[PDB]
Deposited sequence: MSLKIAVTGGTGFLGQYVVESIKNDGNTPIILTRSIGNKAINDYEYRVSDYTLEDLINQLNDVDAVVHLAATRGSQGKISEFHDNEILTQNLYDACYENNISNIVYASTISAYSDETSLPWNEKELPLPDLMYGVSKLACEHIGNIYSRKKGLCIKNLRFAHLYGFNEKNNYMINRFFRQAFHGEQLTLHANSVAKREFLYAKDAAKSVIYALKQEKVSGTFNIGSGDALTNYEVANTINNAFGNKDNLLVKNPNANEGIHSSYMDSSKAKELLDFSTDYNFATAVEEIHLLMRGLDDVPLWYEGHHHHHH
């Protein structure tokens, strides 16, 4: 029975991932900078400290990160550091079965859809650049420290109980209220249910000696019109959709991935699809 440490364990993804671990028979150990029935271990993400917070741990899921604000590369440097510390600490304790949470935001070139992991990364955001940097940090430790880091480029995560577009619809449709879309768009964006993302963490943790980079997508690229509709139906808010302006939005770009590689090497596929996932999220918002 394995002890699995989850950085950013208390986060949104983290909570899905922690329980997937417990359901798998294993033991989740939540790492966090602070708190106010799982084991929590408080840490300051220093090398010297993690060394000790990981001394009885078998695997590590590295979920902890910052989202940014200023669009400046400086807002992420603390992550990059936190990452290298973790891998340093992992090495000391002789941990190699590690999962890193990367993102679809390593891609951008619409000419190239759908993106597979041979797509030249080309981030639009400083967030992207950073994530991409932590990926190679792991890569280097993997090739040179025999660490076994599996980078997971998650598609756009959605879940239950989270002001982003998808959350707005959830809330709005839930109170029976008109969903709006600034304009119509033809752009398609891939949405991966948090439960399925925690699933892929589990399956990647199965290939304990595997090290590489995998797209974890759902299917399953939707337009904003599609998203709104599907939420609308599931929430008894049929047809309650308003398009504020005529023409194309143009503030939105397409993003989805080819997840072949994950399917064959990780033997991974999603339990849910957008409509099934939201059917369930709805049936749980009554809390």
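**Student:** Which parts of the deposited sequence have no C-alpha atoms in the model?
**Tutor:** Since the structure holds only modelled residues, the stretches it omits are 1, 38-42, 169-170, 296-311.
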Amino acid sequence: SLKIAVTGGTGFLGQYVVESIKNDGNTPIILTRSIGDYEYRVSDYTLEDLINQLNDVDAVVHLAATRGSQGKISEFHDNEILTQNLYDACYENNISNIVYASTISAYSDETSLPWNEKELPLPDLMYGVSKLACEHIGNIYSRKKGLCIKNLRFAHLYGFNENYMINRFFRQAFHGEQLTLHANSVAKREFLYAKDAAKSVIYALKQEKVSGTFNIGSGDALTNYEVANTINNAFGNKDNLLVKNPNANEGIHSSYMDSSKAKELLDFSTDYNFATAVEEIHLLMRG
From here on, numbers count along this sequence of modelled residues.
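**Student:** On average, are the C-alpha B-factors higher in 123-131 or in 176-184?
**Tutor:** Result of the comparison: 176-184.
**Student:** Mean CA B-factor: is it higher for 164-172 or for 79-87?
**Tutor:** Going by the record's values, the stretch with the higher mean is 164-172.
**Student:** Where does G71 sit by CA temperature factor within its chain: lowest, middle or highest third?
**Tutor:** CA B-factor rank for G71: highest third.
**Student:** Splitting the chain's C-alpha B-factors into thirds, which one does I252 fall into?
**Tutor:** Highest third, going by the recorded CA B-factors of the chain.
**Student:** Check where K261 lands among this chain's C-alpha B-factors and tell me if it's the lowest, middle or highest third.
**Tutor:** Lowest third.
**Student:** Based on the entry's values, in what third of the chain does the Cα temperature factor of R41 lie: lowest, middle or highest?
**Tutor:** Middle third, going by the recorded CA B-factors of the chain.
**Student:** Divide the modelled residues of the chain into thirds by Cα B-factor and specify which third, lowest, middle or highest, holds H62.
**Tutor:** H62: CA B-factor falls in the lowest third of its chain.
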